[PDB]
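Chemist: coords please:
(one chain, ligands or ions: 1)
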Amino acid sequence: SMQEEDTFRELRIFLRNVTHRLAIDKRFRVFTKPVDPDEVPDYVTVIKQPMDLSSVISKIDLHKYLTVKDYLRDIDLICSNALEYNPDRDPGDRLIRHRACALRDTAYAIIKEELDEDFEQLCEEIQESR
Ligand SMILES: Cc1ccc(NC(=O)CN2C(=O)NC(C)(C)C2=O)cc1S(=O)(=O)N1CCCCCC1
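Modeler: Numbers count the residues shown, from 1 in each chain. For reference, the structure is listed below:
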């Protein structure tokens, strides 16, 4: 229905706004673009599902997220990919992990404050009905 189309359009507007706020935070610059293979050739071999905030924007626009839970799975993937690829004790790796954990915690904290639980529940029920 048009009511259901209006629900998913509101979801995409909400998700673009959250993603924009993460993408403009200087701490998260490293997560804004896919890994350049000419800089990091072994990335695509080690990380089986690359994810970055530009890819999340592309996926919103392709109507790939029908719930905030599905969006948060891709934020969680950005974080787990960073922890997996940069596991060492050296400060370079520790800084990336701290930023990855901050990106995840920030996304979760925005959604906790700004997502209506009944809006998420409606999305989940339209999703389950398809
Ligand atoms: C999880 C994750 C998502 C996206 C990126 N993207 C980049 O690193 C992009 N990029 C380049 O390819 N070159 C420069 C350094 C110019 C740049 O900004 C990276 C990650 S990551 O955290 O897994 N990670 C970044 C730390 C260093 C190793 C590469 C992968």
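
Chemist: next helix or strand past the top helix by length along the chain?
Modeler: With secondary structure taken from DSSP state H, the chain has its longest helix at helix 91-114. Downstream of helix 91-114, the next assigned helix or strand under DSSP states H and E is helix 117-129.

Chemist: leaving aside the residues next to it on the chain, what's closest to residue 108?
Modeler: residue 72 (7.2 Å; C-beta to C-beta, 6 or more residues apart in numbering). C-beta: built from backbone N, CA, C; applies to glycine.

Chemist: Hmm, the one you found is touching residue 105, no?
Modeler: No - the pair residue 72 / residue 105 is not scored as a contact, 11.8 Å apart, by C-beta atoms under 8 Å.

Chemist: Who has more neighbours out of those two?
Modeler: The neighbour count for residue 72 versus residue 105, taken as other C-beta atoms under 10 Å, is higher for residue 72 (17 against 11).
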